[PDB]
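Structure at a glance
Below, each chain spelled out in residue letters.
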Amino acid sequence: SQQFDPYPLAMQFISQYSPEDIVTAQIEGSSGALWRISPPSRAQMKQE
Amino acid sequence: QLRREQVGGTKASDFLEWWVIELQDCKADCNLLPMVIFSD
Amino acid sequence: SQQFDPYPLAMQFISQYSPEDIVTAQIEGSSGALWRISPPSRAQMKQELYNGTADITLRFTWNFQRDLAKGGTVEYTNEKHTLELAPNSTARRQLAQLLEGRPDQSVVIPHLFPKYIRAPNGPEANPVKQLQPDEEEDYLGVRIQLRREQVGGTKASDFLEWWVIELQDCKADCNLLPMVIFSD
């Protein structure tokens, strides 16, 4: 709320929601799986 | 970004690939992307 | 409509639907992903495909996801076409040969790809009974093939495999399979 306090529309929107009703999703960036693509489709990707 | 890892021969298929994405302006949690969502 | 104009049942069925209510799904044939199977399970596949006694099944399943914001309750409509393979028949032996690593071997499974499908408001995307009266001989055939790519040692696990399927009678769009579906 402090971060978005100057703005009126943002402030009313955030005020509308309870604190235990908003969640932060800490999606990992690097923790992915192997990229699986057939070599022909990857070559076509690069060429296109 | 794309990460490679040699295994082992064909050139491009010769080794493992995966993808790493990170936020544009990251200081210390570069390996993490927050996403705030409001659920009614 | 012109293509199916002589037939009465087909003509009434097509007339029933609006032109902006039927869609063609240009599912790609060759643009697949790597076939991932554990080496023991692939070896067991090949061995059971050669020296098997019980018939082995082979199923082709379609599944349509429709937008749920337009009303309607069921959100997925799916159905499968199951084809049996009797032991030592030509197709099963052909597949067992296919897994051997031949460079340009191919197999043809007759009557597997139902071209015209219907997607009702229920979870049964049955193939149109009418446009394909035979219901088993009107299904298109599918040419299956396996592609290898050397990497690099164990022989069979030494290199990448994926599968490419294409329509039985293809002239220029061989890398594409159309699938016309009527949605109520």
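Calculation rules
- Residues numbered from 1 in each chain as written, not as in the entry; some residues may be left out.
- Chains lettered and ligands numbered in written order.
- Part of a larger assembly, values for the part shown.
- Heavy atoms only, no water.
- 1 Å grid on protein atoms, 1.4 Å probe; cavity = no way out; pocket = protein on both sides within 12 Å on 5 of 7 lines; lining within 4 Å.
- Points joined across faces, edges and corners; volume = space filled by probe spheres on them.
- Helix = DSSP H or I, 4+ residues; strand = E, 2+ residues; numbered from the N terminus.
- Nonpolar A, V, L, I, M, F, W, Y, C, P; charged D, E, K, R; others polar.
- Disulfide = S-S within 2.5 Å.
- UniProt positions renumbered as here; feature names shortened; annotations may be inferred.
- Polar contact = N/O pair within 3.5 Å; in protein donor to acceptor, adjacent residues only side chain to side chain.
- Contact = heavy atoms within 4.5 Å.
- Salt bridge = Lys/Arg side-chain N within 4 Å of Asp/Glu carboxyl O.
- Pairing = 2+ DSSP bridges.
- Buried area = accessible area lost by both parts, 1.4 Å probe.
- Patch = residues over 30% accessible without salt bridge, like charges linked within 9 Å, V, L, I, M, F, W, Y side chains within 5 Å.
- Areas by Shrake-Rupley, 256 points an atom, 1.4 Å probe, with all protein chains shown as cover.
- Axes fitted to C-alpha atoms, helices over the stretch in contact; angles between N-to-C directions.

1. Brief notes about the layout of surface pockets
All names here are of chain C. Volume-wise, the second largest pocket comes out at about 440 Å³. As for the second largest pocket, its lining consists of 19 residues, of which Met-45, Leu-58, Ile-144, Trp-163 and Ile-165 are closest to the centre. With five residues, the top contributor of residues to the lining of the second largest pocket is strand 3 (residues 56-65). When its residues are assigned to classes, the lining of the second largest pocket shows 16 nonpolar, two polar and one charged.

2. A closer look at the UniProt feature "disulfide bond" in chain C
All names here are of chain C. Of the disulfides listed in UniProt, the one joining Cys-170 and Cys-174 is not reproduced in the coordinates: its sulfurs are separated by 5.2 Å, not less than 2.5 Å. With respect to the helices, strands and loops of the structure, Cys-170 is situated in the loop between strand 8 (159-167) and strand 9 (176-177). For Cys-174, the position within the fold is in the loop between strand 8 and strand 9.

3. Notes on the side chain of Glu135(C)
Residue and element names in this part refer to chain C. Of note, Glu-135 is situated in the loop between strand 6 (116-119) and strand 7 (140-150). Here the side chain of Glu-135 touches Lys-129 through a polar contact of 2.7 Å, side chain to side chain. Within the structure, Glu-135 has its side chain in polar contact with the side chain of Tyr-139 (distance 2.2 Å). Those residues in contact with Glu-135, other than ones at most four positions away along the chain, are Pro-127, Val-128 and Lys-129.

4. Structural notes on the interface of chain A and chain B
Contact residues are listed per partner, giving 17 residues for chain A and 20 residues for chain B. Where chain A packs against chain B, one counts one salt bridge. Put simply, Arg42(A) and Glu17(B) hold a salt bridge, and the shortest N to O gap is 3.1 Å. The interface formed by chain A and chain B holds seven residue pairs in polar contact in total. For the side of chain A that touches chain B, the secondary structure elements donating two or more residues are strand 1 (22-24), strand 2 (27-28) and helix 2 (39-47) of chain A. It is strand 1 of chain A that provides the largest number of residues to the side of chain A that touches chain B, a total of three residues. Bridging between strand 1 of chain A and strand 4 (residues 36-38) of chain B involves three bridges; their strand directions are antiparallel. Opposite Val23(A), over in strand 4 of chain B, you have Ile37(B) as the bridge partner.

5. Considerations on the interface of chain C and chain A
As a measure of interface size, the accessible area lost when the parts come together is often cited. Listed as interface residues are eight residues of chain C and, on the opposing side, six residues of chain A. Roughly 550 Å² of surface becomes buried between chain C and chain A when both sides are summed, with 63% attributable to carbon and sulfur atoms. Together, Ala33(C), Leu34(C) and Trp162(C) form the three largest contributors to the area buried by chain C at its contact with chain A, with a combined 58%. One can count zero salt bridges joining chain C with chain A. Viewed at the interface, chain A and chain C are joined by two residue pairs in polar contact. The residue inventory of the side of chain C that touches chain A, partitioned by class, reads four nonpolar, two polar and two charged.

6. Quick word on a nonpolar patch on the surface
A cluster of nonpolar residues, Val23(A), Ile27(A), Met35(B) and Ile37(B), forms a patch on the protein surface that exposes about 340 Å² of accessible area. Locating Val23(A) in the fold gives a position in strand 1.

7. Some details on the sheet that holds strand 5 (residues 107-113) of chain C
Residue and element names in this part refer to chain C. The sheet built from three strands is open, its strands ordered 5-7-8 with antiparallel pairing. Both outer strands of the open sheet, strand 5 and strand 8, are each paired with one neighbouring strand and no more. Taking each pair of neighbouring strands and ignoring which way they run, the sheet shows an average axis angle of 35 degrees. Bridge count between strand 5 and strand 7: four bridges; the pairing is antiparallel. Pairing of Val-108 across the sheet is with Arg-143, part of strand 7.

8. Comments concerning the sheet that holds strand 10 (residues 180-183) of chain C
Residue and element names in this part refer to chain C. Pairing within the open sheet is mixed, and its three strands lie in the order 1-10-6. Every other strand in the sheet has two partners, leaving strand 1 (22-24) and strand 6 as the edge strands with one partner each. This sheet shows a mean twist of 25 degrees between the axes of neighbouring strands, independent of strand direction. Bridge analysis of strand 6 against strand 10 gives four bridges, and the strand direction is parallel. Within the sheet, the bridge partner assigned to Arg-118 lies in strand 10 and is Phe-182.

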